[PDB]
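Data from data-v9.pdb: PDB, C-alpha atoms
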ATOM      1  CA  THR H 672     -29.816 -27.551 -19.008  1.00  0.00           C
ATOM      2  CA  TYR H 673     -27.018 -25.237 -17.811  1.00  0.00           C
ATOM      3  CA  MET H 674     -26.642 -23.427 -21.139  1.00  0.00           C
ATOM      4  CA  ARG H 675     -30.396 -22.870 -20.920  1.00  0.00           C
ATOM      5  CA  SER H 676     -29.798 -21.226 -17.529  1.00  0.00           C
ATOM      6  CA  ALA H 677     -26.411 -19.754 -18.538  1.00  0.00           C
ATOM      7  CA  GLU H 678     -27.119 -16.015 -18.480  1.00  0.00           C
ATOM      8  CA  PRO H 679     -25.599 -14.392 -20.509  1.00  0.00           C
ATOM      9  CA  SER H 680     -25.938 -16.968 -23.298  1.00  0.00           C
ATOM     10  CA  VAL H 681     -22.747 -19.002 -23.661  1.00  0.00           C
ATOM     11  CA  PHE H 682     -23.668 -19.901 -27.246  1.00  0.00           C
ATOM     12  CA  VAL H 683     -21.527 -18.295 -29.951  1.00  0.00           C
ATOM     13  CA  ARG H 684     -22.910 -17.375 -33.368  1.00  0.00           C
ATOM     14  CA  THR H 685     -19.617 -18.073 -35.163  1.00  0.00           C
ATOM     15  CA  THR H 686     -16.609 -20.262 -34.418  1.00  0.00           C
ATOM     16  CA  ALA H 687     -14.275 -17.247 -34.519  1.00  0.00           C
ATOM     17  CA  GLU H 688     -16.046 -15.464 -31.658  1.00  0.00           C
ATOM     18  CA  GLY H 689     -16.161 -18.706 -29.669  1.00  0.00           C
ATOM     19  CA  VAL H 690     -12.385 -18.761 -29.307  1.00  0.00           C
ATOM     20  CA  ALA H 691     -12.462 -14.962 -28.958  1.00  0.00           C
ATOM     21  CA  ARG H 692     -14.389 -15.236 -25.692  1.00  0.00           C
ATOM     22  CA  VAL H 693     -11.883 -17.888 -24.580  1.00  0.00           C
ATOM     23  CA  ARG H 694      -8.807 -15.713 -25.060  1.00  0.00           C
ATOM     24  CA  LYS H 695     -10.558 -12.801 -23.305  1.00  0.00           C
ATOM     25  CA  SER H 696     -11.587 -14.926 -20.298  1.00  0.00           C
ATOM     26  CA  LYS H 697      -8.176 -16.153 -19.047  1.00  0.00           C
ATOM     27  CA  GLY H 698      -9.297 -19.589 -17.907  1.00  0.00           C
ATOM     28  CA  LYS H 699     -12.847 -18.551 -16.971  1.00  0.00           C
ATOM     29  CA  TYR H 700     -14.504 -19.900 -20.137  1.00  0.00           C
ATOM     30  CA  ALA H 701     -14.374 -23.251 -21.932  1.00  0.00           C
ATOM     31  CA  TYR H 702     -15.129 -23.782 -25.624  1.00  0.00           C
ATOM     32  CA  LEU H 703     -16.663 -26.890 -27.203  1.00  0.00           C
ATOM     33  CA  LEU H 704     -15.340 -27.204 -30.759  1.00  0.00           C
ATOM     34  CA  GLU H 705     -14.324 -29.982 -33.155  1.00  0.00           C
ATOM     35  CA  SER H 706     -11.291 -31.984 -32.053  1.00  0.00           C
ATOM     36  CA  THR H 707      -9.471 -31.493 -35.365  1.00  0.00           C
ATOM     37  CA  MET H 708     -10.023 -27.733 -35.195  1.00  0.00           C
ATOM     38  CA  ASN H 709      -9.075 -27.732 -31.499  1.00  0.00           C
ATOM     39  CA  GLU H 710      -5.670 -29.299 -32.185  1.00  0.00           C
ATOM     40  CA  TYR H 711      -5.027 -26.495 -34.685  1.00  0.00           C
ATOM     41  CA  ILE H 712      -5.457 -23.502 -32.369  1.00  0.00           C
ATOM     42  CA  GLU H 713      -3.567 -25.107 -29.477  1.00  0.00           C
ATOM     43  CA  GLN H 714      -0.583 -24.966 -31.828  1.00  0.00           C
ATOM     44  CA  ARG H 715      -1.745 -21.873 -33.745  1.00  0.00           C
ATOM     45  CA  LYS H 716      -1.394 -18.293 -32.547  1.00  0.00           C
ATOM     46  CA  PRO H 717      -1.482 -17.014 -29.877  1.00  0.00           C
ATOM     47  CA  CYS H 718      -0.564 -20.464 -28.475  1.00  0.00           C
ATOM     48  CA  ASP H 719      -2.594 -20.019 -25.290  1.00  0.00           C
ATOM     49  CA  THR H 720      -5.300 -22.704 -25.639  1.00  0.00           C
TER      50      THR H 720
ATOM     51  CA  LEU X   3      20.223   9.434  26.435  1.00  0.00           C
ATOM     52  CA  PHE X   4      21.405  12.249  28.706  1.00  0.00           C
ATOM     53  CA  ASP X   5      19.708  15.202  30.415  1.00  0.00           C
ATOM     54  CA  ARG X   6      16.008  15.784  29.755  1.00  0.00           C
ATOM     55  CA  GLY X   7      15.638  19.013  27.772  1.00  0.00           C
ATOM     56  CA  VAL X   8      17.679  17.784  24.816  1.00  0.00           C
ATOM     57  CA  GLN X   9      16.043  14.354  25.055  1.00  0.00           C
ATOM     58  CA  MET X  10      12.652  16.084  25.043  1.00  0.00           C
ATOM     59  CA  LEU X  11      13.777  18.162  22.064  1.00  0.00           C
ATOM     60  CA  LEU X  12      15.235  15.117  20.312  1.00  0.00           C
ATOM     61  CA  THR X  13      12.008  13.136  20.732  1.00  0.00           C
ATOM     62  CA  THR X  14       9.857  16.052  19.547  1.00  0.00           C
ATOM     63  CA  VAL X  15      12.023  16.802  16.504  1.00  0.00           C
ATOM     64  CA  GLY X  16      12.122  13.111  15.612  1.00  0.00           C
ATOM     65  CA  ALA X  17       8.339  12.859  15.831  1.00  0.00           C
ATOM     66  CA  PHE X  18       7.912  15.944  13.642  1.00  0.00           C
ATOM     67  CA  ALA X  19      10.450  14.651  11.103  1.00  0.00           C
ATOM     68  CA  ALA X  20       8.729  11.262  10.935  1.00  0.00           C
ATOM     69  CA  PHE X  21       5.338  12.928  10.494  1.00  0.00           C
ATOM     70  CA  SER X  22       6.605  15.196   7.712  1.00  0.00           C
ATOM     71  CA  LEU X  23       8.393  12.391   5.858  1.00  0.00           C
ATOM     72  CA  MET X  24       5.385  10.084   6.085  1.00  0.00           C
ATOM     73  CA  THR X  25       2.894  12.773   5.043  1.00  0.00           C
ATOM     74  CA  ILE X  26       5.107  13.508   2.039  1.00  0.00           C
ATOM     75  CA  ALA X  27       5.286   9.779   1.280  1.00  0.00           C
ATOM     76  CA  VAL X  28       1.496   9.404   1.270  1.00  0.00           C
ATOM     77  CA  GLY X  29       0.981  12.541  -0.827  1.00  0.00           C
ATOM     78  CA  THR X  30       3.780  11.890  -3.340  1.00  0.00           C
ATOM     79  CA  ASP X  31       3.112   9.945  -6.542  1.00  0.00           C
ATOM     80  CA  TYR X  32       6.637   8.479  -6.728  1.00  0.00           C
ATOM     81  CA  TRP X  33       6.454   4.977  -5.244  1.00  0.00           C
ATOM     82  CA  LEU X  34       7.217   2.500  -8.039  1.00  0.00           C
ATOM     83  CA  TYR X  35       9.296   2.717 -11.217  1.00  0.00           C
ATOM     84  CA  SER X  36       7.894   0.273 -13.768  1.00  0.00           C
ATOM     85  CA  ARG X  37       6.975   0.046 -17.432  1.00  0.00           C
ATOM     86  CA  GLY X  38       3.356   0.932 -18.063  1.00  0.00           C
ATOM     87  CA  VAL X  39       0.836   3.154 -19.814  1.00  0.00           C
ATOM     88  CA  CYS X  40      -0.374   6.656 -18.935  1.00  0.00           C
ATOM     89  CA  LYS X  41      -3.566   6.446 -21.015  1.00  0.00           C
ATOM     90  CA  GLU X  55       2.020   1.413 -25.394  1.00  0.00           C
ATOM     91  CA  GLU X  56       4.069   0.360 -22.374  1.00  0.00           C
ATOM     92  CA  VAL X  57       6.535   3.015 -21.208  1.00  0.00           C
ATOM     93  CA  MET X  58       8.484   3.941 -18.088  1.00  0.00           C
ATOM     94  CA  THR X  59       6.058   5.116 -15.401  1.00  0.00           C
ATOM     95  CA  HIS X  60       6.354   6.397 -11.837  1.00  0.00           C
ATOM     96  CA  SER X  61       3.508   5.223  -9.616  1.00  0.00           C
ATOM     97  CA  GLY X  62       2.150   6.102  -6.196  1.00  0.00           C
ATOM     98  CA  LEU X  63      -1.106   5.209  -4.467  1.00  0.00           C
ATOM     99  CA  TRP X  64      -3.528   7.259  -6.584  1.00  0.00           C
ATOM    100  CA  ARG X  65      -1.866   8.420  -9.817  1.00  0.00           C
ATOM    101  CA  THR X  66       0.916   7.266 -12.153  1.00  0.00           C
ATOM    102  CA  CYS X  67       2.473   9.461 -14.853  1.00  0.00           C
ATOM    103  CA  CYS X  68       4.983   8.842 -17.671  1.00  0.00           C
ATOM    104  CA  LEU X  69       8.747   9.198 -17.900  1.00  0.00           C
ATOM    105  CA  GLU X  70      10.688   9.499 -21.169  1.00  0.00           C
ATOM    106  CA  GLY X  71       7.364   9.528 -23.002  1.00  0.00           C
ATOM    107  CA  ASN X  72       5.854  11.465 -25.873  1.00  0.00           C
ATOM    108  CA  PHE X  73       3.788  13.402 -23.322  1.00  0.00           C
ATOM    109  CA  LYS X  74       5.231  14.122 -19.880  1.00  0.00           C
ATOM    110  CA  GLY X  75       3.308  14.205 -16.616  1.00  0.00           C
ATOM    111  CA  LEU X  76      -0.222  12.987 -17.401  1.00  0.00           C
ATOM    112  CA  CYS X  77      -1.255  10.432 -14.771  1.00  0.00           C
ATOM    113  CA  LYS X  78      -4.491   8.485 -14.402  1.00  0.00           C
ATOM    114  CA  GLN X  79      -6.317   7.215 -11.349  1.00  0.00           C
ATOM    115  CA  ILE X  80      -4.870   3.849 -10.343  1.00  0.00           C
ATOM    116  CA  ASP X  81      -6.886   0.949 -11.774  1.00  0.00           C
ATOM    117  CA  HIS X  82      -7.702  -0.496  -8.366  1.00  0.00           C
ATOM    118  CA  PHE X  83     -10.731  -2.301  -9.848  1.00  0.00           C
ATOM    119  CA  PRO X  84     -10.011  -2.599 -13.580  1.00  0.00           C
ATOM    120  CA  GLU X  85     -12.848  -2.919 -16.084  1.00  0.00           C
ATOM    121  CA  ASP X  86     -13.092  -5.259 -19.113  1.00  0.00           C
ATOM    122  CA  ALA X  87     -13.059  -8.699 -17.484  1.00  0.00           C
ATOM    123  CA  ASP X  88     -11.143  -8.167 -14.257  1.00  0.00           C
ATOM    124  CA  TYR X  89     -11.668 -11.953 -13.783  1.00  0.00           C
ATOM    125  CA  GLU X  90     -12.504 -11.322 -10.101  1.00  0.00           C
ATOM    126  CA  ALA X  91     -10.607 -13.252  -7.407  1.00  0.00           C
ATOM    127  CA  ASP X  92     -10.949 -14.942  -4.028  1.00  0.00           C
ATOM    128  CA  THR X  93     -12.102 -13.180  -0.868  1.00  0.00           C
ATOM    129  CA  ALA X  94      -8.520 -12.844   0.401  1.00  0.00           C
ATOM    130  CA  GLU X  95      -7.375 -11.249  -2.863  1.00  0.00           C
ATOM    131  CA  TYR X  96     -10.386  -8.916  -2.786  1.00  0.00           C
ATOM    132  CA  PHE X  97      -9.449  -7.965   0.782  1.00  0.00           C
ATOM    133  CA  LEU X  98      -5.851  -7.269  -0.263  1.00  0.00           C
ATOM    134  CA  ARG X  99      -7.009  -5.163  -3.217  1.00  0.00           C
ATOM    135  CA  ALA X 100      -9.319  -3.210  -0.905  1.00  0.00           C
ATOM    136  CA  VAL X 101      -6.449  -2.474   1.493  1.00  0.00           C
ATOM    137  CA  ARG X 102      -4.162  -1.417  -1.354  1.00  0.00           C
ATOM    138  CA  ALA X 103      -6.783   0.805  -3.007  1.00  0.00           C
ATOM    139  CA  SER X 104      -8.039   2.499   0.154  1.00  0.00           C
ATOM    140  CA  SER X 105      -4.499   2.718   1.602  1.00  0.00           C
ATOM    141  CA  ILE X 106      -5.990   2.250   5.060  1.00  0.00           C
ATOM    142  CA  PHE X 107      -2.678   1.304   6.664  1.00  0.00           C
ATOM    143  CA  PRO X 108      -0.558   4.260   5.437  1.00  0.00           C
ATOM    144  CA  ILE X 109      -3.359   6.659   6.427  1.00  0.00           C
ATOM    145  CA  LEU X 110      -3.906   4.875   9.755  1.00  0.00           C
ATOM    146  CA  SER X 111      -0.188   5.193  10.470  1.00  0.00           C
ATOM    147  CA  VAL X 112      -0.381   8.879   9.503  1.00  0.00           C
ATOM    148  CA  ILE X 113      -3.218   9.378  11.993  1.00  0.00           C
ATOM    149  CA  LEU X 114      -1.345   7.524  14.739  1.00  0.00           C
ATOM    150  CA  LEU X 115       1.818   9.559  14.117  1.00  0.00           C
ATOM    151  CA  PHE X 116      -0.166  12.803  14.288  1.00  0.00           C
ATOM    152  CA  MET X 117      -1.903  11.649  17.477  1.00  0.00           C
ATOM    153  CA  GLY X 118       1.429  10.781  19.083  1.00  0.00           C
ATOM    154  CA  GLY X 119       2.873  14.128  18.047  1.00  0.00           C
ATOM    155  CA  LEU X 120      -0.098  15.870  19.642  1.00  0.00           C
ATOM    156  CA  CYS X 121       0.353  13.806  22.814  1.00  0.00           C
ATOM    157  CA  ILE X 122       4.065  14.589  23.133  1.00  0.00           C
ATOM    158  CA  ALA X 123       3.441  18.256  22.309  1.00  0.00           C
ATOM    159  CA  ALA X 124       0.638  18.410  24.885  1.00  0.00           C
ATOM    160  CA  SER X 125       2.847  16.729  27.501  1.00  0.00           C
ATOM    161  CA  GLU X 126       4.421  20.121  28.232  1.00  0.00           C
ATOM    162  CA  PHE X 127       0.973  21.052  29.534  1.00  0.00           C
ATOM    163  CA  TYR X 128      -0.156  19.305  32.736  1.00  0.00           C
ATOM    164  CA  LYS X 129       3.091  17.518  33.576  1.00  0.00           C
ATOM    165  CA  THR X 130       1.330  15.626  36.388  1.00  0.00           C
ATOM    166  CA  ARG X 131      -0.584  13.273  34.055  1.00  0.00           C
ATOM    167  CA  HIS X 132       1.942  10.457  33.727  1.00  0.00           C
ATOM    168  CA  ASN X 133       0.124   8.332  31.125  1.00  0.00           C
ATOM    169  CA  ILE X 134       0.093  10.825  28.233  1.00  0.00           C
ATOM    170  CA  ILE X 135       3.757  10.087  27.450  1.00  0.00           C
ATOM    171  CA  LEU X 136       3.116   6.341  27.538  1.00  0.00           C
ATOM    172  CA  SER X 137       0.178   7.014  25.223  1.00  0.00           C
ATOM    173  CA  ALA X 138       2.502   8.850  22.832  1.00  0.00           C
ATOM    174  CA  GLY X 139       4.996   5.989  22.912  1.00  0.00           C
ATOM    175  CA  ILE X 140       2.309   3.388  22.238  1.00  0.00           C
ATOM    176  CA  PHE X 141       0.949   5.540  19.408  1.00  0.00           C
ATOM    177  CA  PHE X 142       4.388   5.807  17.810  1.00  0.00           C
ATOM    178  CA  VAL X 143       5.031   2.069  18.138  1.00  0.00           C
ATOM    179  CA  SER X 144       1.631   1.283  16.615  1.00  0.00           C
ATOM    180  CA  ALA X 145       2.361   3.734  13.796  1.00  0.00           C
ATOM    181  CA  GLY X 146       5.583   1.853  13.095  1.00  0.00           C
ATOM    182  CA  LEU X 147       3.739  -1.468  13.003  1.00  0.00           C
ATOM    183  CA  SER X 148       1.149   0.053  10.661  1.00  0.00           C
ATOM    184  CA  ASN X 149       4.018   1.220   8.460  1.00  0.00           C
ATOM    185  CA  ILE X 150       5.345  -2.345   8.336  1.00  0.00           C
ATOM    186  CA  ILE X 151       1.932  -3.706   7.363  1.00  0.00           C
ATOM    187  CA  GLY X 152       1.343  -1.046   4.713  1.00  0.00           C
ATOM    188  CA  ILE X 153       4.756  -1.556   3.123  1.00  0.00           C
ATOM    189  CA  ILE X 154       4.219  -5.321   3.084  1.00  0.00           C
ATOM    190  CA  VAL X 155       0.756  -5.073   1.538  1.00  0.00           C
ATOM    191  CA  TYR X 156       1.952  -2.596  -1.095  1.00  0.00           C
ATOM    192  CA  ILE X 157       4.869  -4.807  -2.125  1.00  0.00           C
ATOM    193  CA  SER X 158       2.569  -7.840  -2.263  1.00  0.00           C
ATOM    194  CA  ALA X 159       0.138  -5.900  -4.462  1.00  0.00           C
ATOM    195  CA  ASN X 160       3.116  -5.063  -6.686  1.00  0.00           C
ATOM    196  CA  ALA X 161       3.686  -8.786  -7.323  1.00  0.00           C
ATOM    197  CA  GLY X 162       0.197  -9.390  -8.661  1.00  0.00           C
ATOM    198  CA  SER X 173      12.450  -4.898 -13.894  1.00  0.00           C
ATOM    199  CA  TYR X 174      11.034  -2.501 -11.302  1.00  0.00           C
ATOM    200  CA  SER X 175      12.439  -0.171  -8.658  1.00  0.00           C
ATOM    201  CA  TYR X 176      10.905   1.846  -5.846  1.00  0.00           C
ATOM    202  CA  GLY X 177      10.662   5.616  -5.733  1.00  0.00           C
ATOM    203  CA  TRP X 178      12.075   7.907  -3.084  1.00  0.00           C
ATOM    204  CA  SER X 179       8.671   8.394  -1.448  1.00  0.00           C
ATOM    205  CA  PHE X 180       8.530   4.668  -0.702  1.00  0.00           C
ATOM    206  CA  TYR X 181      11.910   5.093   0.981  1.00  0.00           C
ATOM    207  CA  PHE X 182      10.504   8.238   2.590  1.00  0.00           C
ATOM    208  CA  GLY X 183       7.889   6.033   4.246  1.00  0.00           C
ATOM    209  CA  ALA X 184      10.465   3.350   4.994  1.00  0.00           C
ATOM    210  CA  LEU X 185      12.587   5.693   7.117  1.00  0.00           C
ATOM    211  CA  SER X 186       9.470   7.138   8.758  1.00  0.00           C
ATOM    212  CA  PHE X 187       8.927   3.685  10.263  1.00  0.00           C
ATOM    213  CA  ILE X 188      12.491   3.554  11.606  1.00  0.00           C
ATOM    214  CA  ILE X 189      12.296   7.086  13.010  1.00  0.00           C
ATOM    215  CA  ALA X 190       8.917   6.401  14.624  1.00  0.00           C
ATOM    216  CA  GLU X 191      10.220   3.300  16.404  1.00  0.00           C
ATOM    217  CA  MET X 192      13.380   5.119  17.497  1.00  0.00           C
ATOM    218  CA  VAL X 193      11.175   7.988  18.678  1.00  0.00           C
ATOM    219  CA  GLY X 194       8.826   5.493  20.315  1.00  0.00           C
ATOM    220  CA  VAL X 195      11.771   3.781  22.003  1.00  0.00           C
ATOM    221  CA  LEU X 196      12.918   7.092  23.474  1.00  0.00           C
ATOM    222  CA  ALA X 197       9.390   8.219  24.364  1.00  0.00           C
ATOM    223  CA  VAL X 198       8.682   5.183  26.546  1.00  0.00           C
ATOM    224  CA  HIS X 199      12.243   5.390  27.880  1.00  0.00           C
ATOM    225  CA  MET X 200      11.336   8.832  29.213  1.00  0.00           C
ATOM    226  CA  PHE X 201       8.366   7.196  30.953  1.00  0.00           C
ATOM    227  CA  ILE X 202      10.692   4.790  32.780  1.00  0.00           C
ATOM    228  CA  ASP X 203      13.089   7.455  34.061  1.00  0.00           C
ATOM    229  CA  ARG X 204      10.484  10.044  35.041  1.00  0.00           C
ATOM    230  CA  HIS X 205       8.587   7.332  36.909  1.00  0.00           C
ATOM    231  CA  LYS X 206      11.925   6.194  38.356  1.00  0.00           C
ATOM    232  CA  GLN X 207      12.262   9.603  40.021  1.00  0.00           C
ATOM    233  CA  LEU X 208       8.999   8.936  41.877  1.00  0.00           C
ATOM    234  CA  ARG X 209      10.537   5.961  43.690  1.00  0.00           C
ATOM    235  CA  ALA X 210      13.759   7.879  44.375  1.00  0.00           C
ATOM    236  CA  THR X 211      11.939  10.768  46.065  1.00  0.00           C
ATOM    237  CA  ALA X 212       9.599   8.387  47.918  1.00  0.00           C
ATOM    238  CA  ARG X 213      12.425   6.398  49.526  1.00  0.00           C
ATOM    239  CA  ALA X 214      14.076   9.537  50.927  1.00  0.00           C
TER     240      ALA X 214
END
Same coordinates, now as structure tokens:
Amino acid sequence: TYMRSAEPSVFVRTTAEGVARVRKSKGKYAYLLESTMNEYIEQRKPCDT
Amino acid sequence: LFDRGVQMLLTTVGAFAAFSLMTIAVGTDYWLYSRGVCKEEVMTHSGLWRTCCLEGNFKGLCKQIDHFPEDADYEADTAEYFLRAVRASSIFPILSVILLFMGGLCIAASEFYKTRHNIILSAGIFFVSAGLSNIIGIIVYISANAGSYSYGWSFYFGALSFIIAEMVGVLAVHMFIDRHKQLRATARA
């Protein structure tokens, strides 16, 4: 129910903008993505997740 | 340390020098030398309100200090907000300026109505409080810095204005001891 009450909407239309909000939050936003994709970015650039 | 006229003159000239140095320090935008932007990262000289470029493509175009930056400032705790408020408003440098001016007025006005024996003690307390306010302001500014750099001359202008104020405050209260000491000497005889 929190994402229902999460104003502004935490949902992301595309998977690129989902990580984009993460790198612009500096630890203030968490992203729920596939585990296989998650292991990519944590080693991909900019190596901050 | 000897006589009274010179010691009066020394205290007054020290108070005026401290006031002038500290007023210059507050009003000068040369406090910090660090790499930054005046609109890519480049050498910048900062103060409390504006920070311009050095060795840049344009020279001398400062902006207002980003005390509360936009675009996801991330906020912070109440203590960090308090510290940012003190650094932005510069309440302690200005408070010290006011106390130094008040003490200078008190010592200047002491030549009128010599009988009132608490005006000099008031000036000494004002100068000592101004020195303490200088300490607090310097500390808060350096803490806000840490949140290759070197400090500008105006920061050292305000650093010596604390030393002068305490050395003036030390003398000013010392005058209160001796001039009250004369009261006992003339009462005994």
Neighbours of chain H in chain X at 12 Å, counting only C-alpha atoms, as number ranges by chain: X: 86-91
Export of the given selection (C-alpha atoms) as a PDB file, in the frame of the given file:
ATOM      1  CA  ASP X  86     -13.092  -5.259 -19.113  1.00  0.00           C
ATOM      2  CA  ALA X  87     -13.059  -8.699 -17.484  1.00  0.00           C
ATOM      3  CA  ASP X  88     -11.143  -8.167 -14.257  1.00  0.00           C
ATOM      4  CA  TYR X  89     -11.668 -11.953 -13.783  1.00  0.00           C
ATOM      5  CA  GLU X  90     -12.504 -11.322 -10.101  1.00  0.00           C
ATOM      6  CA  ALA X  91     -10.607 -13.252  -7.407  1.00  0.00           C
TER       7      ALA X  91
END
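As for CA of residue 150 (chain X) and CA of residue 183 (chain X), they are spaced 9.7 Å apart.
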Residue nearest residue 689 (chain H) among H:711, H:674, H:706, H:701 (counting only C-alpha atoms):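 Distance minimum relative to residue 689 (chain H) lands on H:701.
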Give me the residues near residue 185 (chain X) as a ChimeraX atom specification, where near means some atom within 12 Å (using all atoms listed in the file) and where sequence neighbours in that chain fewer than 3 positions away do not count. /X:16,19-24,26-27,146,149-150,153,178-182,188-193
Apply the PyMOL selection byres ((chain X and resi 35) around 6) to the structure shown and report the selected residues as a PDB file with C-alpha atoms, in the coordinates of the input.
ATOM      1  CA  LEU X  34       7.217   2.500  -8.039  1.00  0.00           C
ATOM      2  CA  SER X  36       7.894   0.273 -13.768  1.00  0.00           C
ATOM      3  CA  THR X  59       6.058   5.116 -15.401  1.00  0.00           C
ATOM      4  CA  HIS X  60       6.354   6.397 -11.837  1.00  0.00           C
ATOM      5  CA  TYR X 174      11.034  -2.501 -11.302  1.00  0.00           C
ATOM      6  CA  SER X 175      12.439  -0.171  -8.658  1.00  0.00           C
ATOM      7  CA  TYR X 176      10.905   1.846  -5.846  1.00  0.00           C
TER       8      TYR X 176
END
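The interatomic distance for the pair CA of residue 199 (chain X) and CA of residue 9 (chain X) works out to 10.1 Å.
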Atom pair CA of residue 57 (chain X) / CA of residue 82 (chain X): separation (Å): 19.5 Å
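Residues surrounding residue 704 (chain H) within 12 Å are residues 682, 683, 685, 686, 687, 688, 689, 690, 693, 710, 711 and 712 of chain H [only C-alpha atoms; sequence separation below 6 positions excluded].
Of the residues under consideration (X:186, X:194, X:15, X:63), X:63 shows the shortest atom-to-atom contact distance to residue 157 (chain X) when counting only C-alpha atoms.
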Evaluating the PyMOL selection byres ((chain X and resi 133) around 12) on the displayed file yields which residues, as a ChimeraX atom specification? /X:121-122,124-125,128-132,134-140,197-198,200-202,204-205
Any chance you could resolve the PyMOL selection byres ((chain X and resi 73) around 12) against this file and give the residues as a VMD selection string? chain X and resid 39 to 41 57 to 59 67 to 72 74 to 77
For region 691-705 of chain H, take all atoms listed in the file, fit an axis-aligned box around them, add 3 Å to each of the six sides, then output centre and edge lengths in Å rounded to one decimal, as AutoDock Vina command-line options.
--center_x -12.4 --center_y -21.4 --center_z -25.1 --size_x 14.5 --size_y 23.2 --size_z 22.2
Find, counting all atoms listed in the file, the residue in H:705, H:672, H:720, H:713 that gets nearest to residue 692 (chain H). H:720
